[PDB]
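Visitor: Give me the fold of what follows.
(chains A and B, ligands or ions: 4)
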Amino acid sequence: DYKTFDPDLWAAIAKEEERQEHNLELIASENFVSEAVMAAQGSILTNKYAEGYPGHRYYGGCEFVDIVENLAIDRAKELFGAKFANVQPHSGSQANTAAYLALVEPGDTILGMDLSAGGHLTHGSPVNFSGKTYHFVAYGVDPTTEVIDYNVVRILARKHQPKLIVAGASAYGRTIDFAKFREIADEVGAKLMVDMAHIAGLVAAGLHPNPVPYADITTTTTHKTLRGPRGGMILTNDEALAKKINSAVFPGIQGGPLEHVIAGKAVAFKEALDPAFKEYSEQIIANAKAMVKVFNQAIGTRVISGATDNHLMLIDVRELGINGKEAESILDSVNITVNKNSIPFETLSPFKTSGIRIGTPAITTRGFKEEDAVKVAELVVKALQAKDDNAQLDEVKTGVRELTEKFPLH
Amino acid sequence: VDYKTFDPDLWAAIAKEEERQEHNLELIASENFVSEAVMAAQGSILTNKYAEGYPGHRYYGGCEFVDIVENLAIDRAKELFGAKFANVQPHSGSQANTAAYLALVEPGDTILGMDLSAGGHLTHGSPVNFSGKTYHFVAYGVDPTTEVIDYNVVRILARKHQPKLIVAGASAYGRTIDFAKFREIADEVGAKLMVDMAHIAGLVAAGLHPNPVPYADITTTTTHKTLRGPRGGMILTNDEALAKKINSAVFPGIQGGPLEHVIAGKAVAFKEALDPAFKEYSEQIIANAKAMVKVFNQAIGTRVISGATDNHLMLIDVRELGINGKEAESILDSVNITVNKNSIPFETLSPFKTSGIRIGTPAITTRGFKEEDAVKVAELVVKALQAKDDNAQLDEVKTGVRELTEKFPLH
Ligand SMILES: O=c1c2cc(O)c(O)cc2oc2cc(O)c([C@@H]3O[C@H](CO)[C@@H](O)[C@H](O)[C@H]3O)c(O)c12
Ligand SMILES: O=c1c2cc(O)c(O)cc2oc2cc(O)c([C@@H]3O[C@H](CO)[C@@H](O)[C@H](O)[C@H]3O)c(O)c12
Ligand SMILES: Cc1ncc(COP(=O)(O)O)c(CN[C@@H](CO)C(=O)O)c1O
Ligand SMILES: Cc1ncc(COP(=O)(O)O)c(CN[C@@H](CO)C(=O)O)c1O
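Guide: Numbering: from 1, shown residues only, chains lettered A, B, ... in the order given. Ligands and ions are numbered 1, 2, ... in the order given. The relevant structure is shown in the block below.
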């Protein structure tokens, strides 16, 4: 047996399988993929070099690998209504790198969502390729509502004259009005790129406005609400952008594609075509709203913007005398996994932040219903309220073990 | 199982591709067959963990055990190649090189790299690639009559163009690369030295090819060629100041979350490469390649670029048979022999035709082929290309392929 020859590695993997079983995973960008997705990723497709695209490869022997990639491409067009799909990006970051190369020139001005207001690293950060290569200007959320102020987005567009407007977010819990971004982009002659990585599954289920008809290019990851393997994807409705997208991915920034991962994408896409996937996605949002109700009625946990429309929420934790890294460390000690996160107009350093981010896709996958999501939010509140009270925290751990035992993952 | 009944479209394609790997001679020089341990790591639950950052400095909670896995990969890599620093997060050879350039040069800087038709890779300066687009590449090639690198020409070009960086390493070069000479030339001109050892990393690990890690400022590699690991990249260095620039360039520079299930497979494969048995496998790769070159040298119409090999691969100019590279690729595929077309030095034909094919032995060697089996493979390739689409001879090639694949099953 192969595990006998490398006990150090396989023990660590076994321990990670137990950690996923015994913890409440509340990181908003995580999920648990099906056994079929993992089997695709563990198949012999990892052995095939397949540079190029189906029917135009640079190697012999791709006749069956082309089926796999065709299924991923075609199911993505079916799920999202795009005319063109590229499923080769190794990650969301690569997808966004290629999308920019098809839309703008180095030095061009791009208007993206501010990092502390929900934007992602690849939407302009100075330590990222995006911030180094292009001239990024940020838009945020209104200080009092903590939702996007589209009139201020319009102001920024008019003053800065961006070549491209990016919409989409990592930590924004409200509906994004893509039609408004498109109208604003049209007003100043800018293009529109939407990064729907977080909400892609909700979009496919029809529970969030679809950006594909509005954006020049839509990027996404395959692993968040879509519940697929880690990787990227690029969609468009314009054949001329599709040609630029395809060249930017390969030979532009990538080489061989990961066809075992692409098989996993194809597996996940057909799971998302099943009607059960819409029910899953509805439950995700119902669970999230139920948790927001608990935190709203709780002393010390302020919900940014006061509501959620999707899978995630940001909690301001300052009124409990902790910062984000503390609240995350507290929750880690009771087997509840979140992450620290900046809040709008954040005043602490990124290494501390004032908040945590919570999302329900992973616990929804385990089978949690609204009642259970309510219990999770209550245990999160009690763990944070329990200032140093190991009596209270051990009750939380017991509450966590009740939930995880009720909903086995394996 | 049941999930295969949910999706026959997909699972029937994977089954056909299993049958094709079983029934074909896989002679693509950059492919291999990974172990069931590597595949089980890639099909593990590690795909579920967001682990942005590096071990002990993650941006998410819960990374206790993925840190063990990634640190195993990092440490096994350092032990394998003797490097003080190792980054195992690059998603691919291309991302590894992207990040390495970011740590060494600025946009517009002059870089000297191996010409693509002489054996250099896309990321060594092609103008349709980020490398040629972002930096000023000047190419060195091979001598026309010997078809090996002329190191005086490299020195001349280094001196005329004053590169900030010299890149050595190849994807279609079958001869020993003298990293010491590249280091001399770099020093004389004041340039840094980057070596992309993707193709030969397994041979380097086994001591069958000079090691670039002590000479190069940064060494990059894929994990899936002669190293026989999962599909991915890696960056090695001995300088601590570069290691910090490398780590920053990978994340948050060009990537986000690492693929920790793939990194698990890298740790598996590096351990398999530390086993003494891996050195025996690597030697059989070279012995098999040399046995194939001997056959092609003797046959009429199959000319081996440079007349010999020192490593796992060989380039064959097929023009004297009245075919181009794509036609040869298609003929061979029709008799269950898988290669890729490939440019030859001083390529006269279109990039969509090319003048030759590239053949390498790592995959058939992993199946257990020995030199007498390698000899048979090469004789079959010759027969197929010489059969002016005579079905009787082509079917004898198919029979010969069946014999070898049944003699060395893949399971
Ligand atoms: O800012 C940095 C940063 C700055 C540096 O100087 C440096 O060396 C490294 C850095 O790593 C980062 C890594 C990150 O994941 C994020 C942000 O975390 C949040 C997690 O929910 C997401 O909502 C954001 O989408 C995501 O982009 C970051 O903001 C940063
Ligand atoms: O040049 C192109 C190219 C240009 C385009 O415009 C385009 O759309 C696609 C293209 O795909 C390519 C794919 C390739 O594998 C190669 C080269 O093949 C050989 C090994 O297989 C090696 O000698 C090189 O290491 C390798 O990089 C290429 O040179 C190219
Ligand atoms: C909108 C968007 N686009 C791109 C990416 C990056 O994808 P990658 O990690 O696969 O490279 C992310 C991941 N976002 C991470 C934060 O870095 C998260 O946990 O939410 C994203 O949210
Ligand atoms: C030396 C070297 N460095 C980097 C890469 C890129 O690796 P990637 O495909 O994983 O991105 C390659 C790919 N090698 C391909 C050529 O495209 C091949 O079949 O040989 C390489 O040979």
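Visitor: and the stretch 201-350 of chain A, which residues reach ligand 4?
Guide: A:255, A:256 (CB under 6 Å from any ligand atom). Backbone N, C-alpha and C define where each C-beta goes, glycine included.
Visitor: Would you map the helices across the stretch 201-350 of chain A?
Guide: A:239-247, A:259-273, A:275-296, A:324-333 (DSSP state H, counting those that start in this stretch).
Visitor: tell me the contacts of residue A:300?
Guide: A:317, A:319, A:320, A:381, A:384, A:385 (CB atoms under 8 Å, 6 or more residues apart in numbering or on different chains).
Visitor: ok, the third one - contacts?
Guide: Pointing back at residue A:320 there. Counting by CB under 8 Å, 6+ apart, residue A:320 has contacts A:300, A:301, A:327, A:384, A:385.
Visitor: can we see that at 6 Å?
Guide: Contacts for residue A:320 were tallied using CB atoms under 6 Å, 6 or more residues apart in numbering or on different chains; they are A:300, A:384.
Visitor: quick revisit: quick one: which of the contacts of residue A:300 has the most company?
Guide: Greatest neighbour count in the contacts of residue A:300, by other CB atoms under 10 Å in any protein chain shown, goes to residue A:317: 25 neighbours.
Visitor: related to what we said a few turns ago, check the helices of the stretch 201-350 of chain A for me and report the most buried one.
Guide: Each of the helices of the stretch 201-350 of chain A was scored by mean neighbour count; the highest is helix A:259-273, a mean of 27, by mean count of other CB atoms under 10 Å in any protein chain shown.
Visitor: So that helix, near chain B or not?
Guide: Yes: using CB under 6 Å from any CB of the partner chain, helix A:259-273 reaches chain B at A:266, A:267, A:270.
Visitor: Leaving out the residues flanking it, which one is nearest to the last one?
Guide: Once its chain neighbours are removed from consideration, residue A:270 has its nearest residue in residue B:7; the separation is 5.3 Å (CB to CB, 6 or more residues apart in numbering or on different chains).
Visitor: can you give me phi and psi for the residue in chain A that chain B sits nearest to?
Guide: Chain A approaches chain B most closely through residue A:42 (1.9 Å), counting by CB to the nearest CB. Main-chain torsions, residue A:42, degrees, to the nearest 10: phi -90, psi 20.
Visitor: what sits against it?
Guide: B:39, B:40, B:42, B:43.
Visitor: Show me what the strand or helix carrying residue A:66 is packed up against.
Guide: Assigned by DSSP states H and E, residue A:66 belongs to helix A:65-80. Helices and strands touching helix A:65-80, by 3 or more CB pairs under 6 Å, 6 or more residues apart in numbering or on different chains; DSSP states H and E, are strand A:84-86, helix A:259-273, helix B:8-23.
Visitor: Which residues does the shortest one contact?
Guide: Applying CB under 6 Å, 6+ apart, the contact partners of strand A:84-86 are A:73, A:76, A:77, A:234, A:235, A:236, A:242, A:245, A:246, A:249.
Visitor: Now with 7 Å, please.
Guide: A:73, A:76, A:77, A:233, A:234, A:235, A:236, A:239, A:242, A:245, A:246, A:249 (CB atoms under 7 Å, 6 or more residues apart in numbering or on different chains).
Visitor: If anything else comes up later, I'll come back, but that's it for now.
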